[PDB]
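For reference, the structure is listed below as structure tokens.
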Amino acid sequence: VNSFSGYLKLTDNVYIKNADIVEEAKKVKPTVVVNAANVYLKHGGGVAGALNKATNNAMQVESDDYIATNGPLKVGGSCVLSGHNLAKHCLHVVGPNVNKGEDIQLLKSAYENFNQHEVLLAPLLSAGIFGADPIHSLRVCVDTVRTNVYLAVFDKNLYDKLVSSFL
Ligand SMILES: CCOC(=O)Nc1cccc2c1[nH]c1ncnc(NN3CCCC3=O)c12
Ligand SMILES: [Cl-]
């Protein structure tokens, strides 16, 4: 048993809710919140901008030190950093950005990072400003992640479409 509340169960291990991931994280304080990161960990907008804003820019400060030491992530890759006031840890995962021409096939690799964590609160990778079809992202999530994932979908109309179209 865990403290995630109000989720619809899609599969044995995937759950979904219409929620603002920032508010969900602040309420639940999960062990792991997933950020929709880019390779430079520049948290300017979308989920990343909102998560970083909620940390009063501490996420960005930590991220800039990480990049200065390690260089950029790979598309499809991840790193574990602090969750600040939102979670114990933040798993920064880079899904392919279709608006940059990045290979949508890398979305499966991105979701594989979730399997290193028993339970996660996460957004749909490559959705929103990353330009992929969220219905496709949900399918890849369900077919790739084997650990317990709680998906927060900000947009109510999209949430309803994701549920109603789920196979
Ligand atoms: C002050 C904090 O409040 C907010 O950021 N609210 C808010 C506004 C607009 C969109 C989202 C949002 N929260 C979200 N959490 C998670 N995925 C969000 N969108 N995506 C990104 C990919 C698919 C999707 O529904 C949003
Ligand atoms: Cl977004």
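Ordered as shown in the structure tokens, chains take letters A, B, and onward, while each chain numbers its residues from 1 and ligands are numbered from 1 in the order shown.
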Listing only residues of chain A within 6 Å of ligand 1, what is the closest atom pair and its distance in Å (to one decimal) for each, using only C-alpha atoms and all ligand atoms, sorted by chain and residue number ascending, as CSV?
```
residue,atom,partner,partner_atom_place_in_ligand_line,distance
A:20,CA,ligand 1,13 (N),3.6
A:21,CA,ligand 1,15 (N),3.9
A:22,CA,ligand 1,2 (C),5.2
A:47,CA,ligand 1,17 (N),5.8
A:50,CA,ligand 1,5 (O),5.0
A:123,CA,ligand 1,16 (C),5.2
A:124,CA,ligand 1,22 (C),5.2
A:127,CA,ligand 1,22 (C),3.8
A:128,CA,ligand 1,22 (C),3.9
A:152,CA,ligand 1,16 (C),5.2
A:153,CA,ligand 1,25 (O),4.0
A:154,CA,ligand 1,26 (C),3.5
A:155,CA,ligand 1,25 (O),4.8
```
Selection from above, C-alpha atoms, as a compact mmCIF listing (two decimals), in the first residue's frame, can you write it?
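Saved to again19.txt:
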```
# COMPACT_ATOMS: atom_id res chain seq x y z
CA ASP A 20 -0.81 18.82 -11.75
CA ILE A 21 2.37 16.85 -11.07
CA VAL A 22 3.71 19.73 -8.95
CA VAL A 47 6.79 20.01 -16.70
CA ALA A 50 6.98 24.01 -13.36
CA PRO A 123 4.41 12.66 -16.55
CA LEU A 124 3.96 11.12 -19.97
CA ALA A 127 4.19 14.70 -24.42
CA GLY A 128 3.34 18.39 -24.11
CA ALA A 152 -0.14 12.68 -13.73
CA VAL A 153 -1.82 14.27 -16.76
CA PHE A 154 -2.32 18.03 -16.40
CA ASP A 155 -4.89 18.54 -19.17
```
Note to self: Run DSSP on the backbone and tell me which residues of range 14-78 of chain A come out as helix (DSSP H, G or I); list them as a PyMOL selection string.
What the structure shows: chain A and resi 21-28+46-54+58-70
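Candidate residues A:9, A:147, A:89, A:136 were compared for distance to residue 165 in chain A, and the nearest is A:136, using only C-alpha atoms.
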Next item on the list: Grab the CA of residue 41 in chain A to CA of residue 69 in chain A distance for me, in Å with one decimal place.
Entry: 12.6 Å
Next item on the list: Work out how far CA of residue 38 in chain A is from CA of residue 130 in chain A, in Å to one decimal.
Entry: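 So the answer is 9.5 Å.
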Checklist line | All residues 9 Å or closer to residue 85 in chain A, only C-alpha atoms, same chain fewer than 3 positions away omitted, as a ChimeraX atom specification | finding: /A:25-26,29,54-55,82,88
Note to self: Using only C-alpha atoms for the distances, tell me which of A:63, A:97, A:148, A:11 is nearest to residue 118 in chain A.
What the structure shows: A:148
Check: So which one's closest to residue 71 in chain A, A:39, A:1, A:91, A:48? Using only C-alpha atoms, please.
Finding: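 That would be A:39, the residue with the smallest distance to residue 71 in chain A.
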Using only C-alpha atoms, which protein or nucleic acid residues come within 12 Å of residue 139 in chain A? Drop anything in the same chain fewer than 2 positions from it, and give the result as a compact mmCIF listing (two decimals) with N, CA and C atoms, in the first residue's frame.
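Written output follows (around_31.txt):
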```
# COMPACT_ATOMS: atom_id res chain seq x y z
N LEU A 10 -4.81 1.30 -14.90
CA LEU A 10 -4.83 0.88 -16.30
C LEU A 10 -4.38 -0.56 -16.48
N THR A 11 -3.35 -0.96 -15.74
CA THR A 11 -2.79 -2.30 -15.83
C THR A 11 -2.35 -2.73 -14.44
N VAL A 14 0.44 0.21 -13.95
CA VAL A 14 0.30 1.58 -14.44
C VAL A 14 -1.02 2.18 -13.94
N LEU A 107 11.86 6.80 -27.29
CA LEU A 107 10.91 6.90 -26.20
C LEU A 107 10.91 5.64 -25.34
N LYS A 108 11.04 4.47 -25.97
CA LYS A 108 11.11 3.23 -25.19
C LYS A 108 12.34 3.23 -24.28
N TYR A 111 11.67 5.40 -21.23
CA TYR A 111 10.84 4.76 -20.22
C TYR A 111 11.57 3.63 -19.49
N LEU A 124 3.75 11.84 -18.73
CA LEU A 124 3.96 11.12 -19.97
C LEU A 124 5.16 11.69 -20.71
N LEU A 125 6.17 10.85 -20.94
CA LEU A 125 7.39 11.30 -21.60
C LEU A 125 7.11 11.69 -23.03
N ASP A 133 2.81 12.24 -29.64
CA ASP A 133 1.41 11.91 -29.40
C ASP A 133 1.28 11.30 -28.01
N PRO A 134 0.55 11.92 -27.08
CA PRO A 134 0.44 11.34 -25.73
C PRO A 134 -0.19 9.96 -25.70
N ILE A 135 -1.09 9.65 -26.63
CA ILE A 135 -1.65 8.30 -26.68
C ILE A 135 -0.54 7.28 -26.94
N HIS A 136 0.37 7.61 -27.85
CA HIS A 136 1.51 6.74 -28.11
C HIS A 136 2.42 6.66 -26.89
N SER A 137 2.67 7.79 -26.23
CA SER A 137 3.52 7.75 -25.05
C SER A 137 2.95 6.84 -23.97
N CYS A 141 4.69 3.52 -22.43
CA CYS A 141 4.84 3.39 -20.98
C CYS A 141 4.32 2.03 -20.51
N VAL A 142 3.09 1.69 -20.88
CA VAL A 142 2.48 0.45 -20.43
C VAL A 142 3.26 -0.76 -20.90
N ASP A 143 3.80 -0.70 -22.12
CA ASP A 143 4.53 -1.83 -22.70
C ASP A 143 6.00 -1.87 -22.31
N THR A 144 6.50 -0.91 -21.55
CA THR A 144 7.92 -0.84 -21.20
C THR A 144 8.17 -0.84 -19.70
N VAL A 145 7.41 -0.07 -18.94
CA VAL A 145 7.63 0.05 -17.51
C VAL A 145 6.98 -1.15 -16.82
N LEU A 162 -7.15 9.93 -23.13
CA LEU A 162 -6.23 8.83 -22.86
C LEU A 162 -6.96 7.64 -22.25
N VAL A 163 -7.85 7.90 -21.30
CA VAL A 163 -8.60 6.82 -20.68
C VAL A 163 -9.54 6.18 -21.69
N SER A 165 -9.57 6.01 -24.85
CA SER A 165 -8.95 5.34 -25.97
C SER A 165 -8.00 4.23 -25.55
N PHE A 166 -7.89 3.95 -24.25
CA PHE A 166 -6.89 3.00 -23.80
C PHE A 166 -7.30 1.57 -24.13
N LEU A 167 -6.40 0.84 -24.77
CA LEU A 167 -6.66 -0.54 -25.11
C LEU A 167 -6.10 -1.46 -24.05
```
Next item on the list: Show which residues sit within 12 Å of residue 79 in chain A, as a list in words. Count only C-alpha atoms, and ignore same-chain residues fewer than 6 positions away.
Entry: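 Selected residues are residues 32, 33, 34, 35, 36, 37, 38, 39, 40, 41, 63, 66, 67, 70, 71, 72, 73, 89, 90, 91, 92, 93, 94, 110, 113, 114 and 116 of chain A.
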Note to self: Using only C-alpha atoms and all ligand atoms, can you tell me which of A:105, A:8, A:129, A:83 comes closest to ligand 2?
What the structure shows: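 The closest residue to ligand 2 is A:129.
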Check: Interatomic distance between CA of residue 60 in chain A and CA of residue 43 in chain A?
Finding: 6.6 Å
Checklist line | Counting only C-alpha atoms and all ligand atoms, the residue of A:30, A:101, A:131, A:96 that sits nearest ligand 2 | finding: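 With only C-alpha atoms and all ligand atoms as the atom set, the closest residue is A:131.
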Check: Please, which residues of chain A, numbered as in this document, come out strand (DSSP E or B) from DSSP, as a PyMOL selection string?
Finding: chain A and resi 8-9+14-18+32-36+78-82+89-93+119-122+148-153
